[PDB]
Structures are given as structure tokens and as C-alpha cells.
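The structure appears right after this line, and notes come after that.
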Protein chains: 2
Amino acid sequence: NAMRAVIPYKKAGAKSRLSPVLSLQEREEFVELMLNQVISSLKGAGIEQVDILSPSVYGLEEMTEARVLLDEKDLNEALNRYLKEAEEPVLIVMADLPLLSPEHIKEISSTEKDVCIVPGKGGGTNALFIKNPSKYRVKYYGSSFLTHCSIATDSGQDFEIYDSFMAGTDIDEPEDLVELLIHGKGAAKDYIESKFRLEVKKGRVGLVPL
Amino acid sequence: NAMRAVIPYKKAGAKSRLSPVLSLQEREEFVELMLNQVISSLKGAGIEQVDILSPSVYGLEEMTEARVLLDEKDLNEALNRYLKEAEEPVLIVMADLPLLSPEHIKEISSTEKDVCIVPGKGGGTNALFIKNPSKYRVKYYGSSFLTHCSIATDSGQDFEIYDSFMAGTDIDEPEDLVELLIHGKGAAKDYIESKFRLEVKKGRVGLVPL
């Protein structure tokens, strides 16, 4: 495996859409827990070259599991620079996917197309396997899943949609913490489970502080 | 090799959490389009007959694609009666799965386990394949996904979790119509596309009326 993974990450001020339920301190710990999980899953699928791409060393000073990479530019700028310098296929993976497994990561990066794309909630992109980093450009934010699919083509690459519920579950708002509680394992899940419980009220399942 | 498939369906007042982005009249029309697409996927997967289990004929007055079975009892009571009278495997599929493909239904009903289960959001159950109906009891609503796995294990039977983003997108609230616009094809999607567009605002996708 000549293939690298890079994880965009910023610990400071993380997950402000969780601020109705989680403190600032809670939110940054939670995001640290998720990062450590995605890194540990990437290793477990036998990917040993793991990069973190961050605009500061904050919460990354003692990190040894993956190379910390500093880059203060915005996401798309930073990732396109990285893709430029890449010389072996690249898996761009978000840090907020605590339901993502070694198995998912294997099947994604075993695509037979040039690009494998995992969608997130709301038209985002949770995971991007790119075989030709010199041929590809990315554009996160907004309607990125579809914009990555037409960047793939517009650039003479073919692409796979990886159809996964678990991989598709990015944690961004309080309601996504119900998914985590129902479906996850690990310190990220345990952390959330130490502060909330699930309760049925509307014939429906809701999060409630413990 | 044989098997029955049932779709719990009630056109009237169908999808109240879609109000107020949709009307009564719109809700009932939408739901009917979604039903039709599910029955077409079941047929596309070669399943010989499909039952629709509905508390009235309303919206089913003309209906030749599937046998209409009437049962005025509560969902679980009706489904649990249907299960008792089946001998062969039963796929229970919700009528609100417009991203569900014949390929998903082929794979679900080919499970090598005793039950296959497809999660929907907030711990719901979007599709349930039960090989031994005599040994299974359903309980939709609330936390039904976790309940059906534990109904399975309490009963000796092993279960597969079918991990699919598309079969796991049930369309129940406004934010779900975003997913339909991004990922879907077909009449239910065209219906919505005729009334809304996607718009990007906080670096995020939102549904806005035309």
C-alpha cells in the first residue's frame, strides 16, 4: 500500500452546532476523541501513512499516531496544495465519522475507479479516495458531494458512490448524537453516553441530558 | 426460494412532520408517489407478490401492482397478525424509501442471517427481512432498530445490519427532502424538485421554495 490518508482537523472552537448541548470544553474533548478514533481505524485497515492537516498545533502537541501538518489557509486551499504534492493515492477523511470502520476504509480505498466518494448528511463529502491527486481538485463546503462527482467527470475520471449509512454519519448537530448512541462503540460513544440518554417521546427517539 | 413482501401504508394525513413545508394535499400526493416507487423496486427485484397493508382503501381504490390488504388495527398489531399467517420469509418495507433500489432489495433478502435489518434515522427500522416469521415479533416506533436486533437475539436468531445510506434515508421531515433532491431519481424527486431548490448559505445546503 502506497497510499496516504489525510485528515482535515481543527480542535479550537470545534462543532459550534453542538453548543446547545455541549460546552466548549466538552466539544473540543469530544472532537479529540473522534480524531483518535478515525486515526486508529485508519491504522487498523493497514494504512500507516496518516497525516493530519490543521491550521494550528493546538490539541496536536503530543500527537505521534500521525504526522501533524500545519497550514493556516482555508480547507480547499490547504487540501489542493496537499493533493498537488501527493505522489501516491490519497484518502481525504473527515475527523467526525465515529461509525466509520476499518472495513469501510478498506472497501473505499479498494475501488476500481479513479475516485470513490462517500456522501455525508446535507450533501457533504465524508470521505474521498483519489487515485490521481495530480488530476483532481476538491471543493468542500456547500454542495460538495455533487460538486466532487462533477469535478471527477469534468476531469476525465470515473467515480464510485460508496453507499454506507455508518460512513455517511458525520457528527455535526445534537440530533447526530442520537445516531452515535444507537450505533457506535468506542471512547467517543462512551463520552456522549456518560452525558445523555435516549428517550422515546414522540413515537420518536430524542437526546436528553443525564 | 419464495417469500412475501408487505408495505404498511396510510395515505390520509400521511406525513405530518412535513407540515408546514408541505400542505395536506401535497403530503398525500408525495406519499403516493413514494409508495409507487417502492412497489416498483420490489417488482424490479422479482418478488412475485407485494401486499400493501392499509387501514382503508383510500388512495388504493385503483391498484393492481400489489394486493391491497386492509387492517384497521395499529401498525404493530396488523404486522404481527400478517407475520403469524405467513409461513415463508417476510420482507417488511416502509413506503417512504424513494432511494431504495432493486439491488438493495436483492441484497437484503439474500442475507445469510436469520434476519436482515435496515436502520432508518433516529433508531427507526426501514426494512426488515425475517426468514422465520413464527419466531419473530415486530415493534416499530420508538427505538425500533435496537428493539428488533434484541427481539432477534432473545429468540436465538442471528441478524445482519444492512449498511446502506440510500435504503436508510426515509423521508419524514423537511431536511430529508434535501437528501431526496441530492441523491434521488424519479417521480417523488421530480415532485419536490418542482416546488423547491437547494441553496447554499452557511457553507450549508438548505431547501428553499421556488
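Letters A, B, ... mirror the listed sequences (proteins, then strands); counts begin at 1. Computed over heavy atoms, backbone and side chain alike; hydrogens, waters and symmetry mates excluded.
In this structure, chain A has no heavy atom under 4.5 Å from any part of B/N126. Heavy atoms closer than 4.5 Å to chain B are found nowhere in A/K201, neither backbone nor side chain.
Ranked by non-hydrogen atom pairs under 4.5 Å with chain A, the options B/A167, B/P119, B/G124 are led by B/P119. Chosen from B/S164, B/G206, B/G168, the residue pairing most often with chain A at heavy-atom distances under 4.5 Å is B/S164. Note: A/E179 leads A/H104, A/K202, A/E179 in heavy-atom pairs under 4.5 Å with chain B.
Within the 3.5 Å criterion, the main-chain N or O of A/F165 finds a donor-acceptor partner in the side chain of B/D163. B/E175 contributes no side-chain N or O that, together with a main-chain N or O of A/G122, makes up a donor-acceptor pair within less than 3.5 Å.
Within 6.0 Å of CD in B/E85 there are more than 12 heavy atoms belonging to other residues, nucleotides or ligands. Residue-environment remark: NZ (B/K73) stays at or below the threshold of 12 foreign heavy atoms within 6.0 Å. Dense packing is recorded around NZ of A/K195, with more than 12 heavy atoms of other residues, nucleotides or ligands lying under 6.0 Å away. Other residues, nucleotides and ligands place more than 12 heavy atoms under 6.0 Å from the CD atom of A/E77. Enclosure of atom OH in A/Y140 by more than 12 non-hydrogen atoms of other residues, nucleotides or ligands within 6.0 angstrom is indicated. Remark: B/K139 NZ is loosely packed, at most 12 non-hydrogen atoms of other residues, nucleotides or ligands lying under 6.0 Å away. Counting heavy-atom neighbours within 6.0 Å of A/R17 CZ, excluding the residue itself, gives a total above 12. Counting heavy atoms of neighbouring residues, nucleotides and ligands inside a 6.0 Å radius, atom NZ of A/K11 exceeds 12 of them.
In summary, A/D172 and B/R204 engage in a salt bridge, as defined by a charged side-chain N under 4.0 Å from a carboxylate O.
B/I182 approaches A/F145 most closely through the heavy-atom pair CG2-CD2, 4.0 Å. The shortest heavy-atom contact between A/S143 and B/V200 is N-CG2, 4.1 Å.
With rounding to the nearest 0.5 Å, the separation of CG in A/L146 from NE2 in B/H183 is 6.5 Å. Note that CE of A/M166 is 6.5 Å distant from CD1 of B/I161, once rounded to the nearest 0.5 Å.
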